[PDB]
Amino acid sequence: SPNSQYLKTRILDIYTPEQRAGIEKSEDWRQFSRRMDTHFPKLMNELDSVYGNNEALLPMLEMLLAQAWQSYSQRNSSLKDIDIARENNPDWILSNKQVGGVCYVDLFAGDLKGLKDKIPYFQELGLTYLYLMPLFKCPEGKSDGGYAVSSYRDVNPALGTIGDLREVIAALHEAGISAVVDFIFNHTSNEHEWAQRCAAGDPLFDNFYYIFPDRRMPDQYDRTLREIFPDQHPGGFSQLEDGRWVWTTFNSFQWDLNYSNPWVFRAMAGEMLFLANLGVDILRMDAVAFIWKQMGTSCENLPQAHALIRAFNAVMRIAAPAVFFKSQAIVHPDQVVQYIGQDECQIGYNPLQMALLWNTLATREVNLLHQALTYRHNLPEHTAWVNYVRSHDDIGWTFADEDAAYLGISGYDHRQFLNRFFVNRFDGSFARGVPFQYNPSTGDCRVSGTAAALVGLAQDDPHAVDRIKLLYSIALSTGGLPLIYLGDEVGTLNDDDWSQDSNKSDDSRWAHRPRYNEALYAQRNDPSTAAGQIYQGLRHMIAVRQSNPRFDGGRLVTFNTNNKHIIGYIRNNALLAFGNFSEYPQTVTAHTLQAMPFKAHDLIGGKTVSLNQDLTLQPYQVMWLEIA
């Protein structure tokens, strides 16, 4: 295995003796050289555990590092100042000052020029993080909402140009907002240049995807493969016009990239460097679970998958230190947490808390949520959770069956109930969601629908507004970076005409991806409307989170409320949070509150509450008590 000093002299070999002496004395090389010495051993070690003694490893590594230097040299100085800042402040993600938001540029603002006009609103809401959905070129028609990339360099013409994106990112930075986008790396479209060339037999793009001659290997892999979209195709394979079969974990038009080929890592690390120099602060690493395949296994969460992410991390620590990663792993809780590490993905989605928030709204019992917050919330140093209520995706009931079994709950039967409840197929249900990917072969099903539709705002349930304020309060105060699905702050309902659209009809996720509702946003300052009650309710919680230091960090200690309907947790041994998940008044007795001080100020309602007597919480009431 080669060292950092050796490879650095090979990088400088492209320069003539006269200009080489000039680069060695420059500030850009002094920083790159320091970061190479510190972070290259990790890059070498991770790439070695995956590729081993591959002939292509050394030539790939040298090509990658040469490209990494050119990328850091070309990098803007304003971005180099953010590199220095975050290199010396790894806990910026754990700060209570951070509140995030997510939206589709076309649905929320039309185009990129329209999005920069929406920036004063993001500042009004108090956002310091903005996640933009797939901006790059995708095929016309079905593209999985932009998740089938045809070109990582060209922006979708309907949204604008590559220059318009640089202007948006710079305008976000001036407003004190971090730019977050997707790094669609597990797969590309079947219309991508690499895809067409690999299938055509071009030797430069050989083994870039997993192409098989018949059903022999696909049948053997399918014995252990989980179906993500069973409505589209069985297993994880799709057929071409010539008779060959290709690995398609998702849609038929989304072909899985082959990370067993060292050249695919290089190709994708080059695409990462491009995104880094645009000014992107955090990259969303979707489908991190599927980047490595092996016969006999589920081809999910394999050791080499984690090692490849850690290798990508090292490329960033060397050529763009400001670029952090956000893991999206909608898998078993034991596997979700393994992607989170300072040397892997610094932040990651929290599907467990999210799914259990909805479960608790259905059952009215906090048992599962309490268990999750007590045993699975705390993370290692320099890492944070991305807590959310809703996303562009469906809700999967990804709680642990083993955790549920300890509480006397059968995982299969509980998911049967939750799915029936949330799609309005259970008596007295307030939820108005629609099914997504019902698999008759497994009994598994996911739920589509906005936060407002699932709490009952569509039929004007009087408890609906309070339910949204309750779910968001947990995401905003548990510890981690909260991500608001833009449109939820005004109670936006489902898109009614998704089902009668040929390009959207086979994907129920479009029910929860509606356009910017002008009418609801114009009612945001009116306390008499549902939209105004939700906005002012959420805005108050955001204001309190950002100004009060008691919410700092990602750590928590749960509090036993002795009431199965009320959740309780303590932040920094100074903030006691209570959340009633029942539609009836619930009580935390004087007995349970004996250790707490006599009086405590509530940050939600503003009243001074006595804890020396019985505390009765109103239907879906949230209380943030200052106990120190």
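All residue numbers refer to positions in the sequence shown, first residue = 1.
- Relative to its counterpart among 394 to 402 and 438 to 446, 438 to 446 has the higher mean temperature factor, C-alpha atoms as listed in the PDB entry.
- Looking at 535 to 543 and 498 to 506 together, the entry lists the larger mean B-factor for 498 to 506, computed on C-alpha atoms.
- Take 191, 343, 281, 365 and read off each C-alpha B-factor from the entry; 191 has the highest.
- Taking only the listed residues 591, 34, 571, 564, the entry reports the highest CA temperature factor at 34.
- Ranked within its chain, residue 68 lands in the lowest third, by CA B factor from the PDB record.
- Compared with the other modelled residues of the chain, the Cα B-factor recorded for residue 177 ranks in the middle third.
- In the deposited entry, the Cα temperature factor of residue 57 places it in the middle third of its chain's modelled residues.
- Residue 51 sits in the highest third of its chain by CA B factor, as recorded in the PDB entry.
- For residue 244, the recorded CA B-factor ranks within the middle third of the chain. Only modelled residues enter the ranking.
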